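One structure is given below, encoded as structure tokens.
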Amino acid sequence: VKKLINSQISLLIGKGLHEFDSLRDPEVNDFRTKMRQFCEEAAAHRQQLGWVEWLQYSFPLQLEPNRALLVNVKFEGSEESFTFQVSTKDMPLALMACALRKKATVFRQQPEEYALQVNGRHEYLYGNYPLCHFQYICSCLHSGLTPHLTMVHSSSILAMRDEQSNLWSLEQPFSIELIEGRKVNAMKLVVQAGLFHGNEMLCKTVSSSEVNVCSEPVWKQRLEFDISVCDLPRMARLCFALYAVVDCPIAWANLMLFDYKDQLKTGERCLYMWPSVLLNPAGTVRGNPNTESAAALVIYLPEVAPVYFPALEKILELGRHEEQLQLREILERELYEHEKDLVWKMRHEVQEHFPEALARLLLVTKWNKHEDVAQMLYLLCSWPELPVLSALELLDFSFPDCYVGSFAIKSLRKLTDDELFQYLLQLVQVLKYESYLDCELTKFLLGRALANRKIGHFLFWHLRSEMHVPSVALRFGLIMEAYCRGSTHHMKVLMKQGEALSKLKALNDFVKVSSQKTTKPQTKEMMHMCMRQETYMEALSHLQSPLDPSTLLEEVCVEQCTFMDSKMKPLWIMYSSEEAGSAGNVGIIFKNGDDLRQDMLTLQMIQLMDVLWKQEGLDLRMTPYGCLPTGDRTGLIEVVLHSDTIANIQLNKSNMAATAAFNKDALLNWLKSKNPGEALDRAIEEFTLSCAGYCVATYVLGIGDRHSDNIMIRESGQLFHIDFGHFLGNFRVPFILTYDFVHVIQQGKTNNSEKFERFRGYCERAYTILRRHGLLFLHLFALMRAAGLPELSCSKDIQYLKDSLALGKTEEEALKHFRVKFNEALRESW
Ligand SMILES: Cn1nc(-c2cnc(N)c(-n3ccc(C(N)=O)n3)n2)nc1C1(c2ccccc2)CC1
């Protein structure tokens, strides 16, 4: 049983558990055991949870960020149902009470003993919330559809639970012995070495002597740093760069000066270097696992004798020891040395009256002076809990201190499961900045994953998608193993998704081959013939959607499956569910060959924009569809059904009802056929609302190469963008407006200023709302720099956001510049 589970984790994570053992690494073995226990403790707490608490784990509530409606209800072991006319203001309890009353009359004779399952979905309705606060109810109030729900008794949820169980004394300078190399280049070799605490140098970067190019260069040179051994901060990083000069970079490598047990390192170290794109402080402190092709830098850390980093009780003991200022008020809304001295002097007054300025003072503390650090740490240890927004900033590489990091985690505990889900992608990326395997962020990510099955799901996939990346393969694999130990049943549920994805990779490889060799109907027929095989039928059916674990992908609709003509021949896979009805008619797009990490970020940023607008009582009818990277240049996209491209509608194909005399009318003619009579006016308003949100979103995010093939419309009138290959103006893009879209907004009239001026106001509002949250976008995109995205490489990518959101300016200057940008787009629109 314990063996099968081990062989199951190895297959699921993609790395044999034997590989973790073969390292003989005390750091790896300590994490594995400690985390396993932590995760088994979390699995044990789950089985003693009440049946409602376990519903909150397995099926977290999908909520929205007077008017009656039909609702169809049935009980678990029966085909018999009942349709009620309930209210949107009614709680699930009133609905369940009605449902029990109808059962009593029919069966000829307690609501609190039940929960309402969404038919053929892992989504439930419970809690003291009116029906219109539920995402599903709204997914029915807008599509016009009738909600279908099932009464599930407490004992039936408890049957589910059960089946789902398992020092300051050393004032001498820091120096090293640079022994030799084992590399390749075309010229002389030089080694640059620097000591860092995050983004900043602790002292000036020291260089090596020029040694002539060869495969095994020798230096045996002592490199001395302008810093005392007693002044090395705990998270100090000794960074190396190997380059060939007459400059040409070759390789880089980093290492922490203290180990995971806080002991200062001695003596011989062999550094398996990483290929270069000069000094890279942000890069991994673990050497290249490719010890066969990797260049190796041999160094010696000289013995100073065992020296451990002083415990917090020693740091604290040390640390304890005019109206003109502020002054510091005016610089607290990127500063000179005199202003940094002001902040350091005022450090106590910052804790007292500006706790949120913690990040500004953390940047001014002299981390290369052990007494200056202790003083900061004494203040930090009494520092009030910071807001989530300020805490998100402290996760950055600019704040590498472990005590700062621990303080940031302590402040993100108050994060709701909804807020955590929204920023889960960025928190996972921050793991790349981590210096040790055992960290507060891993423990936080795991603890929250094991207490919420949806968080658990996405933590797994974010990590699993990066297993082909050698710099994060050990960390991510170890975290996923610890997770699986905390959820044996979820492990198998995820295995079912990997098996389905394995079949789609094999199926898509054939589609790629066949498309270059025969006609599309010939390829489609054999794709279908291959799908109908027992192993493909078994693997592609009855799984949880990796895009949303609450979507149940039941029976695969082979006849409705196809592939798109684009570069990578993406697979279009359709599913159906008898039990779910129309909610079970769901599609997935399997794309293989492109990097979907950016597309996901872009879709997540739009999803956030929609959330923020909804918070301010604005629903700009956005379509933030799923996009999940699953593997190496592999992922899934959610099919937005009953939609088509602008190019397909505008292609003006004959015989159809959408036939237009003029191109400008093609969109409005298509909407007239999909929404006839009284339904048209509703479609136009959906179009206008969705158009305004995407106008602002694409402008703020700087989305370029926008044509009729990457813009879509739902039959409801809602416009949305697809295929986000590029963002942040990276090929300063303007605001975009189209005459044919402006035509739909103006009701199909050449002149209709009342409709266009309403539209212009939507664009202004949406923009002004996002501007207030401009710092959230800044912090989240700054965190996303860790990912390794070519279009989010530096500060010049972060700058696009600053300018698109006009963050340095006031609202009146920003709204004027937006009015200038909107009119520039209108004049350009013919
Ligand atoms: C009817 N339909 N619906 C879609 C659609 C829906 N939802 C999406 N998310 C999406 N999509 C595509 C690529 C990306 C992306 N994010 O990269 N997103 N496409 N596409 C089609 C057409 C189609 C389908 C299948 C075969 C031929 C032709 C073109 C008509």
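Simple scheme: letters A, B, ... for chains in structure tokens order, numbers from 1 for residues in each chain, numbers from 1 for ligands in the order shown.
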
Among stretch 330-369 of chain A, which ones does DSSP assign to helix (DSSP H, G or I) (computed from the backbone)? Answer as a CSV table (one decimal) with N, CA and C atoms, in the first residue's frame.
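Written file, part_35.csv:
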chain,number,residue,atom,x,y,z
A,337,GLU,N,20.5,59.8,-0.4
A,337,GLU,CA,21.1,59.4,0.9
A,337,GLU,C,20.7,60.2,2.1
A,338,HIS,N,20.6,61.6,2.0
A,338,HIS,CA,20.1,62.4,3.1
A,338,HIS,C,18.7,62.0,3.6
A,339,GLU,N,17.8,61.7,2.7
A,339,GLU,CA,16.5,61.3,2.9
A,339,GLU,C,16.4,59.9,3.6
A,340,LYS,N,17.4,59.0,3.3
A,340,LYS,CA,17.6,57.6,3.8
A,340,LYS,C,18.0,57.7,5.3
A,341,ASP,N,18.8,58.8,5.6
A,341,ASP,CA,19.3,59.0,6.9
A,341,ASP,C,18.2,59.5,7.8
A,342,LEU,N,17.3,60.3,7.2
A,342,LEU,CA,16.1,60.9,7.8
A,342,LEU,C,15.2,59.7,8.3
A,343,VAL,N,14.9,58.8,7.3
A,343,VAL,CA,14.1,57.5,7.6
A,343,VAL,C,14.7,56.7,8.6
A,344,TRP,N,16.0,56.5,8.6
A,344,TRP,CA,16.7,55.7,9.6
A,344,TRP,C,16.6,56.3,11.0
A,345,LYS,N,16.7,57.7,11.1
A,345,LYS,CA,16.6,58.4,12.4
A,345,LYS,C,15.2,58.3,12.9
A,347,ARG,N,13.0,56.0,12.2
A,347,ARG,CA,12.5,54.6,12.3
A,347,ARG,C,11.5,54.2,13.3
A,348,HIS,N,11.6,54.8,14.5
A,348,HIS,CA,10.6,54.5,15.6
A,348,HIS,C,9.3,55.2,15.3
A,349,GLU,N,9.3,56.4,14.8
A,349,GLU,CA,8.2,57.2,14.4
A,349,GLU,C,7.4,56.6,13.2
A,350,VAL,N,8.2,55.8,12.4
A,350,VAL,CA,7.6,55.1,11.2
A,350,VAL,C,6.7,53.9,11.8
A,351,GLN,N,7.2,53.2,12.8
A,351,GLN,CA,6.5,52.1,13.5
A,351,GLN,C,5.2,52.6,14.2
A,352,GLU,N,5.3,53.8,14.8
A,352,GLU,CA,4.3,54.5,15.6
A,352,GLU,C,3.2,55.1,14.7
A,353,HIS,N,3.5,55.8,13.7
A,353,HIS,CA,2.5,56.6,12.9
A,353,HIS,C,2.4,56.2,11.4
A,355,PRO,N,3.0,52.6,10.1
A,355,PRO,CA,3.4,51.1,10.0
A,355,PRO,C,3.5,50.6,8.5
A,356,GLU,N,2.7,51.1,7.6
A,356,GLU,CA,2.6,50.7,6.2
A,356,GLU,C,3.8,51.1,5.4
A,357,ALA,N,4.7,52.0,6.0
A,357,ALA,CA,5.9,52.5,5.3
A,357,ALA,C,7.1,51.5,5.6
A,358,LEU,N,6.8,50.4,6.3
A,358,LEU,CA,7.8,49.3,6.7
A,358,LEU,C,8.8,49.0,5.6
A,359,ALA,N,8.3,48.8,4.3
A,359,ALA,CA,9.0,48.5,3.1
A,359,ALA,C,10.0,49.6,2.8
A,360,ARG,N,9.6,50.9,3.0
A,360,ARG,CA,10.5,52.0,2.7
A,360,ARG,C,11.7,52.1,3.7
A,361,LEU,N,11.5,51.7,5.0
A,361,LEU,CA,12.5,51.7,6.0
A,361,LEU,C,13.3,50.4,5.9
A,362,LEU,N,12.7,49.3,5.5
A,362,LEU,CA,13.5,48.1,5.3
A,362,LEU,C,14.6,48.2,4.2

Stretch 733-747 of chain A surroundings by only C-alpha atoms, 9 Å radius, close-in-sequence under 4 positions cut, as a ChimeraX atom specification: /A:663-668,681,684-685,687-688,691,695-696,698-700,702-704,706,728-729,751-756,759,818,821-826,828-830

Distance table requested - chain A against ligand 1, cut-off 8 Å, only C-alpha atoms and all ligand atoms: one row per qualifying residue with the closest atom pair and its distance in Å to one decimal, ordered by chain and rising residue number, as JSON lines.
{"residue": "A:562", "atom": "CA", "partner": "ligand 1", "partner_atom_place_in_ligand_line": "26 (C)", "distance": 6.0}
{"residue": "A:563", "atom": "CA", "partner": "ligand 1", "partner_atom_place_in_ligand_line": "26 (C)", "distance": 5.4}
{"residue": "A:564", "atom": "CA", "partner": "ligand 1", "partner_atom_place_in_ligand_line": "26 (C)", "distance": 4.6}
{"residue": "A:565", "atom": "CA", "partner": "ligand 1", "partner_atom_place_in_ligand_line": "27 (C)", "distance": 7.0}
{"residue": "A:572", "atom": "CA", "partner": "ligand 1", "partner_atom_place_in_ligand_line": "25 (C)", "distance": 5.8}
{"residue": "A:589", "atom": "CA", "partner": "ligand 1", "partner_atom_place_in_ligand_line": "12 (C)", "distance": 7.2}
{"residue": "A:599", "atom": "CA", "partner": "ligand 1", "partner_atom_place_in_ligand_line": "16 (N)", "distance": 7.1}
{"residue": "A:625", "atom": "CA", "partner": "ligand 1", "partner_atom_place_in_ligand_line": "9 (N)", "distance": 6.4}
{"residue": "A:626", "atom": "CA", "partner": "ligand 1", "partner_atom_place_in_ligand_line": "9 (N)", "distance": 7.7}
{"residue": "A:627", "atom": "CA", "partner": "ligand 1", "partner_atom_place_in_ligand_line": "16 (N)", "distance": 7.2}
{"residue": "A:637", "atom": "CA", "partner": "ligand 1", "partner_atom_place_in_ligand_line": "9 (N)", "distance": 5.8}
{"residue": "A:638", "atom": "CA", "partner": "ligand 1", "partner_atom_place_in_ligand_line": "9 (N)", "distance": 5.2}
{"residue": "A:639", "atom": "CA", "partner": "ligand 1", "partner_atom_place_in_ligand_line": "7 (N)", "distance": 3.7}
{"residue": "A:640", "atom": "CA", "partner": "ligand 1", "partner_atom_place_in_ligand_line": "7 (N)", "distance": 3.8}
{"residue": "A:641", "atom": "CA", "partner": "ligand 1", "partner_atom_place_in_ligand_line": "6 (C)", "distance": 5.9}
{"residue": "A:642", "atom": "CA", "partner": "ligand 1", "partner_atom_place_in_ligand_line": "1 (C)", "distance": 6.8}
{"residue": "A:643", "atom": "CA", "partner": "ligand 1", "partner_atom_place_in_ligand_line": "3 (N)", "distance": 5.5}
{"residue": "A:644", "atom": "CA", "partner": "ligand 1", "partner_atom_place_in_ligand_line": "1 (C)", "distance": 5.0}
{"residue": "A:645", "atom": "CA", "partner": "ligand 1", "partner_atom_place_in_ligand_line": "29 (C)", "distance": 6.1}
{"residue": "A:648", "atom": "CA", "partner": "ligand 1", "partner_atom_place_in_ligand_line": "30 (C)", "distance": 6.8}
{"residue": "A:710", "atom": "CA", "partner": "ligand 1", "partner_atom_place_in_ligand_line": "13 (C)", "distance": 7.7}
{"residue": "A:712", "atom": "CA", "partner": "ligand 1", "partner_atom_place_in_ligand_line": "5 (C)", "distance": 7.8}
{"residue": "A:721", "atom": "CA", "partner": "ligand 1", "partner_atom_place_in_ligand_line": "16 (N)", "distance": 7.8}
{"residue": "A:722", "atom": "CA", "partner": "ligand 1", "partner_atom_place_in_ligand_line": "16 (N)", "distance": 4.2}
{"residue": "A:723", "atom": "CA", "partner": "ligand 1", "partner_atom_place_in_ligand_line": "17 (O)", "distance": 3.4}
{"residue": "A:724", "atom": "CA", "partner": "ligand 1", "partner_atom_place_in_ligand_line": "16 (N)", "distance": 6.7}

One-decimal distance in Å that lies between atom CA of residue A:170 and atom CA of residue A:259: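 A separation of 18.0 Å between them.
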
Which of stretch 630-661 of chain A fall in strand (DSSP E), as a list in words: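 These are the residues in question: residues 630, 631, 634, 635, 636, 637, 638, 643, 644 and 645 of chain A.
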
Within 10 Å of stretch 553-557 of chain A using only C-alpha atoms, minus same-chain residues under 3 positions, as JSON, numbers by chain: {"A": [120, 121, 528, 531, 532, 536, 537, 538, 540, 541, 542, 543, 544, 545, 546, 549, 550, 560, 561, 573, 574, 575, 576, 577, 578, 579, 580, 584, 585, 586, 587, 588]}

Can I get the selected residues back with N, CA, C and O atoms, as a compact mmCIF listing (two decimals), in the first residue's frame?
# COMPACT_ATOMS: atom_id res chain seq x y z
N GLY A 120 -24.56 17.51 -11.70
CA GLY A 120 -23.38 17.03 -12.41
C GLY A 120 -22.15 17.91 -12.29
O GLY A 120 -21.38 18.03 -13.24
N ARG A 121 -21.97 18.53 -11.11
CA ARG A 121 -20.85 19.42 -10.82
C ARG A 121 -20.39 19.23 -9.39
O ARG A 121 -21.20 18.89 -8.52
N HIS A 528 -10.79 10.81 -34.53
CA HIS A 528 -12.00 10.23 -33.98
C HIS A 528 -11.82 8.75 -33.78
O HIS A 528 -12.14 8.26 -32.70
N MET A 531 -9.66 8.24 -30.95
CA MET A 531 -10.33 8.62 -29.70
C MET A 531 -11.22 7.50 -29.17
O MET A 531 -11.31 7.32 -27.96
N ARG A 532 -11.84 6.72 -30.09
CA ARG A 532 -12.77 5.63 -29.80
C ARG A 532 -12.11 4.36 -29.25
O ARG A 532 -12.83 3.45 -28.83
N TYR A 536 -8.18 5.29 -24.85
CA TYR A 536 -8.47 6.70 -25.07
C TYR A 536 -9.83 7.05 -24.52
O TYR A 536 -9.96 8.09 -23.88
N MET A 537 -10.84 6.16 -24.69
CA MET A 537 -12.21 6.32 -24.17
C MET A 537 -12.23 6.34 -22.65
O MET A 537 -12.93 7.16 -22.07
N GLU A 538 -11.45 5.46 -22.03
CA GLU A 538 -11.29 5.31 -20.59
C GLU A 538 -10.60 6.54 -20.03
O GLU A 538 -11.16 7.21 -19.17
N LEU A 540 -9.92 9.57 -21.48
CA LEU A 540 -10.43 10.91 -21.77
C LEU A 540 -11.76 11.21 -21.10
O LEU A 540 -12.16 12.37 -21.07
N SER A 541 -12.37 10.19 -20.47
CA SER A 541 -13.67 10.32 -19.82
C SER A 541 -13.64 10.23 -18.31
O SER A 541 -12.83 9.51 -17.76
N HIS A 542 -14.62 10.89 -17.66
CA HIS A 542 -14.91 10.87 -16.21
C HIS A 542 -13.73 11.39 -15.37
O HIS A 542 -13.08 10.66 -14.62
N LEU A 543 -13.47 12.70 -15.51
CA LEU A 543 -12.40 13.39 -14.80
C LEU A 543 -12.87 14.77 -14.38
O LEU A 543 -13.89 15.26 -14.89
N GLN A 544 -12.15 15.40 -13.45
CA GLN A 544 -12.36 16.79 -13.05
C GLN A 544 -11.56 17.65 -14.00
O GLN A 544 -10.43 17.31 -14.36
N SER A 545 -12.15 18.74 -14.46
CA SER A 545 -11.45 19.60 -15.39
C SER A 545 -10.24 20.21 -14.71
O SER A 545 -10.39 20.80 -13.64
N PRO A 546 -9.02 20.09 -15.28
CA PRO A 546 -7.87 20.76 -14.67
C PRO A 546 -8.03 22.29 -14.69
O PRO A 546 -7.34 22.97 -13.96
N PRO A 549 -11.70 22.45 -11.04
CA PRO A 549 -12.03 21.12 -10.49
C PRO A 549 -13.53 20.87 -10.21
O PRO A 549 -13.94 19.73 -10.02
N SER A 550 -14.35 21.93 -10.24
CA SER A 550 -15.79 21.80 -10.05
C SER A 550 -16.50 21.43 -11.39
O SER A 550 -17.66 21.03 -11.35
N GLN A 560 -18.02 15.58 -32.01
CA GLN A 560 -17.91 17.02 -31.87
C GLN A 560 -16.47 17.49 -31.63
O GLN A 560 -16.22 18.70 -31.58
N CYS A 561 -15.53 16.52 -31.51
CA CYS A 561 -14.11 16.82 -31.34
C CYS A 561 -13.47 17.14 -32.68
O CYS A 561 -13.85 16.57 -33.70
N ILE A 573 -11.79 19.57 -27.84
CA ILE A 573 -12.41 18.40 -27.22
C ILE A 573 -13.69 18.77 -26.51
O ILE A 573 -13.67 19.59 -25.61
N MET A 574 -14.81 18.16 -26.94
CA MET A 574 -16.14 18.42 -26.40
C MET A 574 -16.58 17.29 -25.49
O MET A 574 -16.26 16.12 -25.75
N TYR A 575 -17.34 17.63 -24.45
CA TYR A 575 -17.84 16.68 -23.47
C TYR A 575 -19.29 16.90 -23.23
O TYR A 575 -19.80 18.00 -23.48
N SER A 576 -19.95 15.89 -22.65
CA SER A 576 -21.33 16.01 -22.26
C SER A 576 -21.58 15.20 -21.00
O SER A 576 -20.80 14.30 -20.68
N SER A 577 -22.64 15.58 -20.27
CA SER A 577 -23.11 14.97 -19.03
C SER A 577 -24.64 14.98 -19.04
O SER A 577 -25.26 16.01 -19.29
N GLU A 578 -25.24 13.80 -18.83
CA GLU A 578 -26.70 13.58 -18.77
C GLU A 578 -27.21 14.24 -17.47
O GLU A 578 -28.17 15.01 -17.48
N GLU A 579 -26.48 13.99 -16.37
CA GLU A 579 -26.76 14.49 -15.04
C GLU A 579 -26.66 15.98 -14.89
O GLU A 579 -27.39 16.55 -14.09
N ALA A 580 -25.75 16.62 -15.65
CA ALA A 580 -25.53 18.06 -15.58
C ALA A 580 -26.35 18.87 -16.58
O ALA A 580 -26.51 20.08 -16.40
N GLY A 584 -23.03 20.53 -18.40
CA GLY A 584 -22.12 19.43 -18.71
C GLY A 584 -21.67 19.43 -20.16
O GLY A 584 -20.81 18.61 -20.54
N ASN A 585 -22.24 20.34 -20.99
CA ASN A 585 -21.84 20.48 -22.38
C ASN A 585 -20.75 21.53 -22.33
O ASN A 585 -21.00 22.73 -22.28
N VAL A 586 -19.52 21.03 -22.16
CA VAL A 586 -18.32 21.80 -21.91
C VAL A 586 -17.21 21.42 -22.86
O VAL A 586 -17.08 20.26 -23.22
N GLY A 587 -16.41 22.39 -23.24
CA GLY A 587 -15.30 22.12 -24.14
C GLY A 587 -13.94 22.54 -23.62
O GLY A 587 -13.82 23.51 -22.87
N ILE A 588 -12.90 21.81 -24.06
CA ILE A 588 -11.51 22.16 -23.74
C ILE A 588 -10.69 22.20 -25.03
O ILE A 588 -10.97 21.47 -25.97

Within 6 Å of residue A:63, counting only C-alpha atoms, which residues show up once you throw out same-chain ones fewer than 4 positions away? Write them as a JSON list (two decimals) with C-alpha atoms, in the first residue's frame, please.
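So the final result, stored in selection-v4.json, reads:
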[["chain", "number", "residue", "atom", "x", "y", "z"],
["A", 133, "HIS", "CA", -24.83, 35.80, -4.49],
["A", 134, "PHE", "CA", -24.04, 32.35, -5.99],
["A", 135, "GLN", "CA", -21.98, 32.22, -9.23]]

Excluding stretch 307-323 of chain A and residues on its chain fewer than 5 positions from it, collect all residues at most 9 Å away from it, counting only C-alpha atoms, and give them as a PDB file with N, CA, C and O atoms, in the first residue's frame.
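Generated file (around05.pdb):
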ATOM      1  N   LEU A 167      29.832  34.495  14.123  1.00  0.00           N
ATOM      2  CA  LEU A 167      29.143  35.393  15.038  1.00  0.00           C
ATOM      3  C   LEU A 167      29.766  36.811  15.049  1.00  0.00           C
ATOM      4  O   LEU A 167      30.605  37.104  14.192  1.00  0.00           O
ATOM      5  N   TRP A 168      29.326  37.694  15.996  1.00  0.00           N
ATOM      6  CA  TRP A 168      29.770  39.095  16.140  1.00  0.00           C
ATOM      7  C   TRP A 168      31.277  39.226  16.520  1.00  0.00           C
ATOM      8  O   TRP A 168      31.845  40.316  16.403  1.00  0.00           O
ATOM      9  N   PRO A 233      24.799  39.353   6.761  1.00  0.00           N
ATOM     10  CA  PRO A 233      23.409  39.085   7.165  1.00  0.00           C
ATOM     11  C   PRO A 233      23.053  37.641   6.840  1.00  0.00           C
ATOM     12  O   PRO A 233      23.651  37.035   5.948  1.00  0.00           O
ATOM     13  N   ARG A 234      22.117  37.085   7.599  1.00  0.00           N
ATOM     14  CA  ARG A 234      21.683  35.711   7.492  1.00  0.00           C
ATOM     15  C   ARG A 234      21.417  35.251   6.050  1.00  0.00           C
ATOM     16  O   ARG A 234      21.829  34.141   5.686  1.00  0.00           O
ATOM     17  N   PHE A 258      25.425  30.857   4.657  1.00  0.00           N
ATOM     18  CA  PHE A 258      24.963  30.040   5.789  1.00  0.00           C
ATOM     19  C   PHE A 258      24.106  28.923   5.207  1.00  0.00           C
ATOM     20  O   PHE A 258      23.431  29.159   4.214  1.00  0.00           O
ATOM     21  N   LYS A 261      20.717  25.061   8.312  1.00  0.00           N
ATOM     22  CA  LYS A 261      20.856  24.887   9.764  1.00  0.00           C
ATOM     23  C   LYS A 261      21.504  26.131  10.398  1.00  0.00           C
ATOM     24  O   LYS A 261      21.877  26.092  11.575  1.00  0.00           O
ATOM     25  N   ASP A 262      21.621  27.233   9.600  1.00  0.00           N
ATOM     26  CA  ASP A 262      22.169  28.573   9.911  1.00  0.00           C
ATOM     27  C   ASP A 262      23.702  28.617  10.095  1.00  0.00           C
ATOM     28  O   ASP A 262      24.248  29.688  10.366  1.00  0.00           O
ATOM     29  N   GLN A 263      24.404  27.494   9.906  1.00  0.00           N
ATOM     30  CA  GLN A 263      25.859  27.462  10.061  1.00  0.00           C
ATOM     31  C   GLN A 263      26.573  28.114   8.886  1.00  0.00           C
ATOM     32  O   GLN A 263      26.223  27.858   7.739  1.00  0.00           O
ATOM     33  N   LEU A 264      27.588  28.937   9.179  1.00  0.00           N
ATOM     34  CA  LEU A 264      28.412  29.599   8.175  1.00  0.00           C
ATOM     35  C   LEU A 264      29.267  28.517   7.488  1.00  0.00           C
ATOM     36  O   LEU A 264      29.946  27.736   8.162  1.00  0.00           O
ATOM     37  N   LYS A 265      29.168  28.439   6.154  1.00  0.00           N
ATOM     38  CA  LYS A 265      29.827  27.438   5.302  1.00  0.00           C
ATOM     39  C   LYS A 265      31.344  27.500   5.254  1.00  0.00           C
ATOM     40  O   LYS A 265      31.923  28.580   5.166  1.00  0.00           O
ATOM     41  N   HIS A 370      25.660  44.504  11.217  1.00  0.00           N
ATOM     42  CA  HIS A 370      24.870  43.605  12.069  1.00  0.00           C
ATOM     43  C   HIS A 370      24.046  44.299  13.182  1.00  0.00           C
ATOM     44  O   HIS A 370      23.000  43.766  13.551  1.00  0.00           O
ATOM     45  N   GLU A 371      24.489  45.462  13.689  1.00  0.00           N
ATOM     46  CA  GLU A 371      23.787  46.223  14.726  1.00  0.00           C
ATOM     47  C   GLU A 371      22.617  46.995  14.128  1.00  0.00           C
ATOM     48  O   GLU A 371      21.554  47.063  14.743  1.00  0.00           O
ATOM     49  N   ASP A 372      22.788  47.527  12.911  1.00  0.00           N
ATOM     50  CA  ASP A 372      21.740  48.218  12.147  1.00  0.00           C
ATOM     51  C   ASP A 372      20.581  47.239  11.817  1.00  0.00           C
ATOM     52  O   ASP A 372      19.440  47.671  11.719  1.00  0.00           O
ATOM     53  N   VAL A 373      20.896  45.934  11.619  1.00  0.00           N
ATOM     54  CA  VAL A 373      19.932  44.865  11.280  1.00  0.00           C
ATOM     55  C   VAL A 373      19.125  44.469  12.513  1.00  0.00           C
ATOM     56  O   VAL A 373      17.892  44.423  12.462  1.00  0.00           O
ATOM     57  N   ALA A 374      19.826  44.179  13.603  1.00  0.00           N
ATOM     58  CA  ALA A 374      19.247  43.849  14.895  1.00  0.00           C
ATOM     59  C   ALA A 374      18.222  44.933  15.315  1.00  0.00           C
ATOM     60  O   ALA A 374      17.096  44.576  15.641  1.00  0.00           O
ATOM     61  N   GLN A 375      18.578  46.237  15.239  1.00  0.00           N
ATOM     62  CA  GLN A 375      17.691  47.376  15.555  1.00  0.00           C
ATOM     63  C   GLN A 375      16.396  47.329  14.735  1.00  0.00           C
ATOM     64  O   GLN A 375      15.306  47.497  15.289  1.00  0.00           O
ATOM     65  N   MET A 376      16.523  47.045  13.419  1.00  0.00           N
ATOM     66  CA  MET A 376      15.405  46.893  12.490  1.00  0.00           C
ATOM     67  C   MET A 376      14.556  45.703  12.901  1.00  0.00           C
ATOM     68  O   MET A 376      13.326  45.782  12.854  1.00  0.00           O
ATOM     69  N   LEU A 377      15.215  44.594  13.279  1.00  0.00           N
ATOM     70  CA  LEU A 377      14.551  43.365  13.667  1.00  0.00           C
ATOM     71  C   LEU A 377      13.802  43.496  14.983  1.00  0.00           C
ATOM     72  O   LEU A 377      12.734  42.903  15.117  1.00  0.00           O
ATOM     73  N   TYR A 378      14.316  44.307  15.930  1.00  0.00           N
ATOM     74  CA  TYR A 378      13.644  44.583  17.212  1.00  0.00           C
ATOM     75  C   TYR A 378      12.333  45.315  16.915  1.00  0.00           C
ATOM     76  O   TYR A 378      11.300  44.937  17.453  1.00  0.00           O
ATOM     77  N   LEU A 379      12.383  46.341  16.037  1.00  0.00           N
ATOM     78  CA  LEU A 379      11.226  47.106  15.588  1.00  0.00           C
ATOM     79  C   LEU A 379      10.237  46.202  14.839  1.00  0.00           C
ATOM     80  O   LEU A 379       9.030  46.320  15.054  1.00  0.00           O
ATOM     81  N   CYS A 381       9.836  42.948  15.134  1.00  0.00           N
ATOM     82  CA  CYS A 381       9.247  41.992  16.060  1.00  0.00           C
ATOM     83  C   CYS A 381       8.114  42.595  16.901  1.00  0.00           C
ATOM     84  O   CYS A 381       7.270  41.847  17.394  1.00  0.00           O
TER      85      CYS A 381
END

So that each row is one residue of stretch 237-321 of chain A with an atom at most 12 Å from stretch 474-491 of chain A, can you give its shortest atom pair and the distance in Å to one decimal, using only C-alpha atoms, rows by chain and rising number, as JSON lines?
{"residue": "A:284", "atom": "CA", "partner": "A:475", "partner_atom": "CA", "distance": 10.9}
{"residue": "A:285", "atom": "CA", "partner": "A:475", "partner_atom": "CA", "distance": 11.9}
{"residue": "A:286", "atom": "CA", "partner": "A:474", "partner_atom": "CA", "distance": 9.7}
{"residue": "A:287", "atom": "CA", "partner": "A:474", "partner_atom": "CA", "distance": 11.3}
{"residue": "A:288", "atom": "CA", "partner": "A:474", "partner_atom": "CA", "distance": 11.2}
{"residue": "A:289", "atom": "CA", "partner": "A:474", "partner_atom": "CA", "distance": 9.5}

Just write the chosen residues, N, CA and C atoms, as a CSV table (one decimal), in the first residue's frame.
chain,number,residue,atom,x,y,z
A,284,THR,N,18.8,31.1,-8.7
A,284,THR,CA,18.8,30.0,-7.8
A,284,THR,C,20.2,29.8,-7.2
A,285,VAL,N,20.3,29.4,-5.9
A,285,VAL,CA,21.4,29.1,-5.1
A,285,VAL,C,21.8,27.6,-5.2
A,286,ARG,N,21.1,26.9,-6.0
A,286,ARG,CA,21.4,25.4,-6.2
A,286,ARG,C,22.0,25.3,-7.5
A,287,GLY,N,23.1,24.5,-7.6
A,287,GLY,CA,23.8,24.2,-8.8
A,287,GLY,C,23.1,23.5,-9.8
A,288,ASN,N,23.6,23.5,-11.0
A,288,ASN,CA,23.1,22.9,-12.2
A,288,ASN,C,23.0,21.3,-12.0
A,289,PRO,N,21.9,20.7,-12.0
A,289,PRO,CA,21.8,19.2,-11.9
A,289,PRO,C,22.5,18.5,-13.0
